[PDB]
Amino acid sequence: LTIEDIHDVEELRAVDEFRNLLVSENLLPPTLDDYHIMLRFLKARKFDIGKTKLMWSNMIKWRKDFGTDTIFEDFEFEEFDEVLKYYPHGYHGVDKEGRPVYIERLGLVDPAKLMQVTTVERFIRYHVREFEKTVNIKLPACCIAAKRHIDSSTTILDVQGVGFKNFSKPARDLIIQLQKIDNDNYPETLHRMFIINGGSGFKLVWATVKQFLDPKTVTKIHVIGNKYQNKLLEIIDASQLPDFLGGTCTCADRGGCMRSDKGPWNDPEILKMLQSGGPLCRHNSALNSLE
């Protein structure tokens, strides 16, 4: 099965130079020996091979120290269902370019009740486990459904009712900690973000958060007020967009759109193409063939 995966010659040179440096210093586990993983790290450091090797080396140590490589095996987040009740978030379908749509209803987050049911350390470990699913299962599924290389998401943050008066230091510090893990270990995995239902109270939340955010990430973020429905329908088909955001989806037989995890990674035929199907990338296939 042929997947549209255009490789730039300049990037082909840069990525293979970077890979040879990683191999020569025993920094390349075969589980991370993918053109596209290495390209995301190079892009995050503007193809500076010295800074990228440091970034890569810190990520390897991080995965060793955090236990990321055994997190599927090791971590059972048994409070999951309770957390969802006070933190509504999920993947739901794809945008018109085939990227997964990730939603959070931050207006419906109950900070007090969330800290009764979980800890910040556990929520972060859960976040890392979901990212491992996102890069190993959900994004490759999207590659197959679109017949096109996909490795980044469209995110919607619903911030209805969120104002600066009740924007707390722990809320801010969690965002910083999540972004640090994401920038350090999962770079170039956000395509764009739409922050919707921002009231006048949100203006200072956005002001303060921008002070800590990676500036390339800020350039990918669009903050919208209450009239957001048409902008989302421009970039997401109505069938892939929950009705409460202006689409036609209800996921009625699956507990509503926020609990369905709807997307091509729920399709058994697409999942079968991931587990025991051709390699998705013709350069990895060529490298693995040659070696």
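Quick note: we count residues from 1 along the sequence shown, nothing fancier.
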query	finding
Which of 139-147 and 168-176 has higher mean CA B factor, as the PDB entry lists it	168-176
17-25 versus 263-271 - which carries the larger mean C-alpha B factor in the record	17-25
Residue with highest C-alpha B-factor in the PDB entry, from 231, 36, 53, 43	231
Residue with highest C-alpha B-factor in the PDB entry, from 188, 97, 132, 78	78
Ranked against its chain, the third holding the CA B-factor of residue 158	lowest
Third of chain Cα B-factors occupied by residue 219	middle
Residue 181 - which third its CA temperature factor falls in, relative to the rest of the chain	lowest
Within-chain third of residue 85 by Cα B-factor, per the entry	highest
Residue 252 by Cα B-factor - lowest, middle or highest third of the modelled chain	highest
